[PDB]
Amino acid sequence: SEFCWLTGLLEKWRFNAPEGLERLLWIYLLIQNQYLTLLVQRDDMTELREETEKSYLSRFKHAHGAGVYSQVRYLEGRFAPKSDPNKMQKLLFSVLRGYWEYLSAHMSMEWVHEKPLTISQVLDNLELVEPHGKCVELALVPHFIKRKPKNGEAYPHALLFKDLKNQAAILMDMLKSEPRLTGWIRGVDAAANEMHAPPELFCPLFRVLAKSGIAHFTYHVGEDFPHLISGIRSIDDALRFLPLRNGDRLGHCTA
Amino acid sequence: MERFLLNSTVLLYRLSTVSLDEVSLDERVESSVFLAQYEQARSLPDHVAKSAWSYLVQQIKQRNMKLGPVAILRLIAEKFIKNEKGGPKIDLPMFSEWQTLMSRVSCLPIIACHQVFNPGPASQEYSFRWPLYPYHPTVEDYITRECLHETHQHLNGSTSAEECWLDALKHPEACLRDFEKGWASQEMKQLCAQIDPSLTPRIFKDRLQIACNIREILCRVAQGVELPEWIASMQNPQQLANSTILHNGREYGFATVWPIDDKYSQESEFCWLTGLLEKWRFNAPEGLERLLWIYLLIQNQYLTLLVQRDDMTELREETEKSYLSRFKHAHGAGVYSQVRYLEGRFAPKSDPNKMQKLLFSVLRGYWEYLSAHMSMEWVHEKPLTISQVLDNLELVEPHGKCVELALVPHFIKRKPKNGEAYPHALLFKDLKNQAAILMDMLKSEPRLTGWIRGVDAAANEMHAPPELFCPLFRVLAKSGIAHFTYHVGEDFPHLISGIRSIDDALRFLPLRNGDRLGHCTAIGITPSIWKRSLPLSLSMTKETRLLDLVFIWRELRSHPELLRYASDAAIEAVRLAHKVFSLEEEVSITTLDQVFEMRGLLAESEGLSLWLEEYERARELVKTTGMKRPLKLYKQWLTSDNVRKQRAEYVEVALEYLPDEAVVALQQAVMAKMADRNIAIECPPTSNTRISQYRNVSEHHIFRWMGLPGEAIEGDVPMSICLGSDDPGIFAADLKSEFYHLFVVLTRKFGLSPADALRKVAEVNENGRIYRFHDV
């Protein structure tokens, strides 16, 4: 609708345009551009429920691109963990159902449940898909969000650690409640900022998560270091303390 | 010291003959470890072994454990096995030592101990069927992208030694009869005496019975049921050698009920040990702990005996099941097979009915593997015959997600019997007979040519020269075999002899473009390494010496730096030929060369159906030219008793008869011929240490073939090298294990990048696809 409207308006203004309406189009473009700049700079409930699984389905179609064959094969999806177990179950159900919708749209094959409506039936449908490389292969890596260190509270990062421990708790009890989710929940990330939480904060979190079958860990090194030596030390600390096994990754090693 | 505790004839003897009432055997076990260490590894210093034992005892004491199989298995499991994304894996630095340990100790108790004490994450379901591997993302990514290719897979026997041990427990009588049949030969007597001087078939029966009885008793312990109280009469381990215990005048059996219907399966073996170790997590009874120790020692000694021996009713016990398990093992875990092109080698049978059953079982097992993994329409659900199996198999298309099977029977050379006209007469008749059944079957089922893709000859090099199989291979070529590989037995009396053997195979055998040669160590090992631990002078037959002399002259008669060696070889070869042939005329080195050029001709043709056409073809080609004096000399070479007596006579040849530069020049000359003819080499697994001159894996000649700096010699001609896992020399092995072993050595000892190391190993691996025998 956005493209068709503008193409029609520009077609009717091919040779001349009224001055007032021409300025109206100018104002609309300026407002849209300023909002887009505000959004991108800010990036680095009801609104989420407005799209829900539709946004994820559009994401997988966008990753697939035009043509019968997907231009992207291996896609690792990052989502913000939620402290509410019910919200978490809805979140992963929407993402997985959208992935099944993308696969069903591109691949025509027998499905156990035409309308799964739950995680277990979604995994029942998804386990029939074989790795063939013509579609998008999805891996889910939730990214823990570090926060500001509150004053006092024994050790400097106490409330933040409790919040991260809680978020890990819902992730763990779900994984034991559905063992097949270990084939889709493939990693754990921590991408908020480096000053707010040091890499050594997530070491107990990552080691305990490793015993839950996560099997992969990536850590974002926030590149707002006060000094270049500080950032280099931050990357070294991540290698030294975090349980990064063979094949793991580190995020944004600009230092 | 752990390998000595889990594998020692002295320790097993001192544990199986001493009553279970004794509880303090630390001193005597320590003495057993030192004796086993000195016997197995004498080069290790005494003080180093004592310090290692002291650390091991202290390590057990600090862990609040007791000296026994449980503590040793725990220490090994932590030392080698850790949990990763793919489950239990082996540390990349520790994989080389793990392979060395696998040559002496079975891994199944170790992985069971690891599962008990270091379980996988989230208690996820885990099954142990394949041997453990290390993990590297580059290697796994390459394997998933480009599947591994096997060029030498012996379909006979089992996948590994461990289920062979369970097969021995399953059929003690069948293995006993096979053991006694081999034991009649003197070679088996020497081999058994080397492993254990006090080893007899009676003792073999006793140890097998004791191990089975220990398994039953510990099965009751592991299952949780109370012991049936006859253990009071059980005081001496030797009471388990008769399968019945006399308690209060009653004959009590040992067998019990097992949860799994297959009590001798791998899963039953793993489950039993995991349960037993779980119930012994904190403490174990001393008598039963020693019983587990005795079982492990008996199993390990049997596995060592089997692997050293490797390099009817028992065959019918498994039949198609063994082949089906082989293809599943090659496929590995996951929906996609880790091996794409697999060339299966089987021993030909002189009985046509036995041959038809053999290939029917192999092909039916392959169809079972394909049907299990691929769901599609089948012409016959139960083929029960070769023709219907091929009807089902022809519907399968080459897609790369499953194992592609090629069948290459390997003819077995035998000892040359005395007399009988030409030296190898009865052996040639036996090989001709075996080829006859193969040929008449191929004409009886033309579709079999798409599965019977090659012919091999792998017994030994001394017993039969390469020129023996030349008429066999040429006639087999006209039958549609289309591929030929020849195993060069690397037990050459001299390095020059082995180089000559490879040259003779290239010269005489009809190896066309894309063919392969098996185990070309002679042109791979450098003279410096080969001379290790060798006498200053070597012994070989006059026939072998004369052939080497002519070969040296042919290759080196132009080398300006080596005209000493070629002229000396030619002169003393002529002088040797005078002794061997007892002739009185003058023979030049050129005449000797001509006589040895016609070695490939058939003996009957030299004296003068597809077989007859080859007969006059060789006969006429010896008469087109106007020379019969070399032909007459070859007749005397073949059918003169005095010449044969001279040929079998041994001469004394110095170790450094030729300098290392001259020997390297001979190796590079054969290298050029090998590359020009485009003949690949099936490299043995590097974990197989029968060379005895390689004191570490990094000294293997495959790295010289790979062109590694320091390993490759100047002037070496690059060759095509394939990966063949025929006799790995270790209990649990796979083509994946060899791939990882080469990658580990390249990355660590040679300091190569993971991408660079992967590139070199990939080139060797893909040579098995370029030079594959499978129909295109």
# chains A, B, ... in the order shown; residues from 1 in each chain; ligands from 1
call {"tool": "interface_residues", "arguments": {"of": "chain A", "to": "chain B", "cutoff": "6 Å", "atoms": "only C-alpha atoms", "output": "PyMOL selection string"}}
result
chain A and resi 211-213+215+247
call {"tool": "select_by_dssp", "arguments": {"residues": "segment 494-715 of chain B", "states": "helix (DSSP H, G or I)", "output": "VMD selection string"}}
result
chain B and resid 495 to 508 527 to 530 542 to 556 560 to 581 589 to 600 603 to 607 610 to 621 629 to 638 641 to 648 660 to 676 697 to 699 702 to 705
call {"tool": "residues_around", "arguments": {"residues": "residue 551 of chain B", "least_positions_apart": "5", "cutoff": "9 Å", "atoms": "only C-alpha atoms", "output": "MDAnalysis selection string"}}
result
chainID B and resid 496 499:500 503 546 556 569 593 666
call {"tool": "select_by_dssp", "arguments": {"residues": "segment 9-209 of chain A", "states": "strand (DSSP E)", "output": "list in words"}}
result
residues 74, 75, 76, 77, 137, 138, 139, 140, 143, 144, 189 and 190 of chain A
call {"tool": "residues_around", "arguments": {"residues": "residue 14 of chain B", "least_positions_apart": "3", "cutoff": "8 Å", "atoms": "only C-alpha atoms", "output": "PyMOL selection string"}}
result
chain B and resi 10-11+17-18+28+32
call {"tool": "write_last_selection", "arguments": {"atoms": "N, CA and C atoms", "output": "mmCIF file, in the first residue's frame"}}
result
data_model
loop_
_atom_site.group_PDB
_atom_site.id
_atom_site.type_symbol
_atom_site.label_atom_id
_atom_site.label_comp_id
_atom_site.auth_asym_id
_atom_site.auth_seq_id
_atom_site.Cartn_x
_atom_site.Cartn_y
_atom_site.Cartn_z
ATOM 1 N N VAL B 10 50.888 -60.569 33.573
ATOM 2 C CA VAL B 10 51.397 -60.877 34.907
ATOM 3 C C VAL B 10 50.357 -60.529 35.966
ATOM 4 N N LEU B 11 49.742 -59.350 35.843
ATOM 5 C CA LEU B 11 48.720 -58.945 36.805
ATOM 6 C C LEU B 11 47.510 -59.869 36.746
ATOM 7 N N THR B 17 44.633 -66.436 40.067
ATOM 8 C CA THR B 17 45.045 -67.634 40.785
ATOM 9 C C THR B 17 45.077 -67.454 42.295
ATOM 10 N N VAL B 18 44.901 -66.233 42.792
ATOM 11 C CA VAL B 18 44.953 -65.937 44.218
ATOM 12 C C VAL B 18 43.531 -65.801 44.740
ATOM 13 N N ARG B 28 51.912 -56.452 45.461
ATOM 14 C CA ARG B 28 52.009 -57.413 44.369
ATOM 15 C C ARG B 28 51.444 -56.853 43.070
ATOM 16 N N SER B 32 53.518 -56.249 39.659
ATOM 17 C CA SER B 32 52.966 -56.621 38.361
ATOM 18 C C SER B 32 53.052 -55.465 37.373
#
call {"tool": "closest_residue", "arguments": {"among": "A:10, A:55, A:174, A:20", "to": "residue 85 of chain A", "atoms": "only C-alpha atoms"}}
result
A:174
call {"tool": "closest_residue", "arguments": {"among": "A:109, A:63, A:95, A:123", "to": "residue 181 of chain A", "atoms": "only C-alpha atoms"}}
result
A:123
call {"tool": "closest_residue", "arguments": {"among": "A:51, A:189, A:137, A:114", "to": "residue 72 of chain A", "atoms": "only C-alpha atoms"}}
result
A:137
call {"tool": "residues_around", "arguments": {"residues": "residue 175 of chain A", "least_positions_apart": "2", "cutoff": "12 Å", "atoms": "only C-alpha atoms", "output": "ChimeraX atom specification"}}
result
/A:85,88-89,92,119-120,168-173,177-186,209,211-214 /B:121-124
call {"tool": "residues_around", "arguments": {"residues": "residue 191 of chain A", "least_positions_apart": "3", "cutoff": "8 Å", "atoms": "only C-alpha atoms", "output": "PyMOL selection string"}}
result
chain A and resi 143-146+219-222
call {"tool": "decode", "arguments": {"residues": "segment 161-222 of chain A", "atoms": "C-alpha atoms", "output": "short mmCIF file (atom, residue, chain, number, x, y, z; two decimals), in the first residue's frame"}}
result
data_model
loop_
_atom_site.label_atom_id
_atom_site.label_comp_id
_atom_site.auth_asym_id
_atom_site.auth_seq_id
_atom_site.Cartn_x
_atom_site.Cartn_y
_atom_site.Cartn_z
CA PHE A 161 22.54 -11.15 38.81
CA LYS A 162 19.28 -12.21 40.47
CA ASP A 163 17.32 -11.02 37.43
CA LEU A 164 19.65 -12.90 35.07
CA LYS A 165 19.49 -15.98 37.31
CA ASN A 166 15.69 -15.79 37.24
CA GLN A 167 15.59 -15.49 33.45
CA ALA A 168 17.91 -18.49 33.20
CA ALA A 169 15.59 -20.36 35.58
CA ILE A 170 12.59 -20.11 33.23
CA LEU A 171 14.84 -21.08 30.32
CA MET A 172 16.11 -24.15 32.18
CA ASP A 173 12.77 -25.44 33.48
CA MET A 174 11.30 -25.08 29.98
CA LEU A 175 14.19 -27.02 28.44
CA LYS A 176 13.63 -29.87 30.90
CA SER A 177 9.87 -29.57 30.24
CA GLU A 178 10.48 -30.04 26.49
CA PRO A 179 13.78 -31.80 25.72
CA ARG A 180 13.27 -31.33 21.97
CA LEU A 181 13.72 -27.57 22.46
CA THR A 182 17.46 -28.16 22.88
CA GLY A 183 17.62 -28.63 19.10
CA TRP A 184 16.32 -25.09 18.59
CA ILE A 185 17.52 -23.21 21.69
CA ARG A 186 21.16 -23.54 20.65
CA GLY A 187 22.96 -20.70 22.43
CA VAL A 188 22.93 -17.99 25.08
CA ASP A 189 24.01 -14.38 24.51
CA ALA A 190 24.60 -11.32 26.71
CA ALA A 191 24.43 -8.07 24.70
CA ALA A 192 23.66 -4.86 26.57
CA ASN A 193 26.95 -3.02 27.30
CA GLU A 194 30.38 -3.65 28.79
CA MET A 195 30.59 -1.04 31.57
CA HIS A 196 27.32 -2.11 33.20
CA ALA A 197 28.40 -5.74 33.67
CA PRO A 198 31.88 -7.28 33.35
CA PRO A 199 32.38 -10.60 31.53
CA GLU A 200 33.06 -12.39 34.83
CA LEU A 201 29.45 -11.75 35.89
CA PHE A 202 28.03 -14.31 33.45
CA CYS A 203 30.58 -17.04 34.22
CA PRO A 204 28.43 -18.87 36.84
CA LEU A 205 25.41 -18.23 34.60
CA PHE A 206 27.12 -19.74 31.55
CA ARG A 207 28.59 -22.74 33.39
CA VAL A 208 25.23 -23.69 34.91
CA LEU A 209 23.50 -23.08 31.57
CA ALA A 210 26.06 -25.38 29.91
CA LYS A 211 24.90 -28.29 32.09
CA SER A 212 21.33 -27.64 30.86
CA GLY A 213 22.19 -28.54 27.25
CA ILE A 214 22.60 -25.07 25.74
CA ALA A 215 25.87 -26.27 24.10
CA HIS A 216 26.91 -22.83 22.76
CA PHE A 217 27.74 -19.44 24.26
CA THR A 218 28.46 -16.07 22.66
CA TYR A 219 29.32 -12.90 24.61
CA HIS A 220 28.99 -9.30 23.29
CA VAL A 221 32.03 -7.13 24.20
CA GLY A 222 30.55 -3.65 24.49
#
